[PDB]
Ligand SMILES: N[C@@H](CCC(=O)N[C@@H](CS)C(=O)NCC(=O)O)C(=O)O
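A single chain, nothing else alongside it, follows as structure tokens in the form solved without this ligand.
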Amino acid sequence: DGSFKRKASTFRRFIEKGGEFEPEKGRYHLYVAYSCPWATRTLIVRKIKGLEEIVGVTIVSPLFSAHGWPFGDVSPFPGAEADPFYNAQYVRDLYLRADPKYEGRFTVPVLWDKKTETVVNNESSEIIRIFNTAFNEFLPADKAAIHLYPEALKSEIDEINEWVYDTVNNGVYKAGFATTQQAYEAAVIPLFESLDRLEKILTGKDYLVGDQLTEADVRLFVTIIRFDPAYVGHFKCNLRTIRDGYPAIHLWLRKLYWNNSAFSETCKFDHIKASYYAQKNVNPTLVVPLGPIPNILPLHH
């Protein structure tokens, strides 16, 4: 075969009044890696909705090991942190604390409940939607009104998300984790056709849907911001680059990054590059290339 098949996330609970997980301040905690785009989704939205003092965060080490994601005391790296709560050493320890029999993959992001010591949700697409409303009572009326998945734009967001996820978000992994030439080509060609499609959508536009920030932008951003700095080279996604092959995408990308601090402050290029290029099965030398220079070009304005 040789093709990459992503497994689904199995912690799919929400935070709702009267439910198992009541909205509370200081109760829920996000375990993430700065390198993981899926995890970065939740960080971006945490800052967009102003949840920084309502939902906590721990940064695991970018240096994925044989035991998974280590905490910062186990595999030090600038900005990587120790687990504040269970003296955990690997993200795995969190999962097996929630369920010693759990047999899924030990992925970030983890939206964690400190009260019952379990995983509420480990599906990035649901965590950012939780963040749209679940904590609105702890927010000012205007910050609470922020909603990245609004009803009036829902279907259009869903329609773009479906193929962006399949051929772009996951497409880069299907290309880079392919182990045959046939599997590699079957992923990378649709990837770049989807980029051609996105380029037309974004021509003369600042946002994918409705001329305003939505989760479709967030979800696409975490892949594209990583494209030139890592996916082009390490994952062989190199038919062309964003900065020189897709001017509309490139402009959209630079405006998100440079004009909206939620996108730039959660973007750590050293974590990103260290993580991908430490994958032995793809890059045995473990060398991290010094390029591209820069990680993202200025807006020029």
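So that there is no doubt, residue numbering starts at 1 and follows the sequence shown.
Keep in mind the form solved in complex with this ligand is missing from the figure; the text below concerns it.
With the partner left out here, this ligand still marks one of 99 to 107, 139 to 147, 198 to 206, 71 to 79 in the bound PDB entry; by a 4.5 Å heavy atom cut-off that stretch is 99 to 107. Distance criterion of 4.5 Å from any heavy atom to this ligand in the bound PDB entry singles out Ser124 from the list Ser124, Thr214, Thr167, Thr223. Contact with this ligand in the bound PDB entry, judged by any heavy atom within 4.5 Å, is made by just one of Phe192, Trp163, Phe85, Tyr173: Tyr173. Heavy atoms of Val45 never reach within 4.5 Å of this ligand in the bound PDB entry, leaving it off the interface. In the bound PDB entry, this ligand sits within 4.5 Å of a heavy atom belonging to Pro37. By the criterion of a heavy atom within 4.5 Å, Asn283 is excluded from the residues contacting this ligand in the bound PDB entry. Taking the partner from the other structure, this ligand in the bound PDB entry has no heavy atom within 4.5 Å of any heavy atom of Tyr246. The partner is not shown here, but in the bound PDB entry the stretch 9 to 26 reaches within 4.5 angstroms of this ligand through a heavy atom at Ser9 alone.
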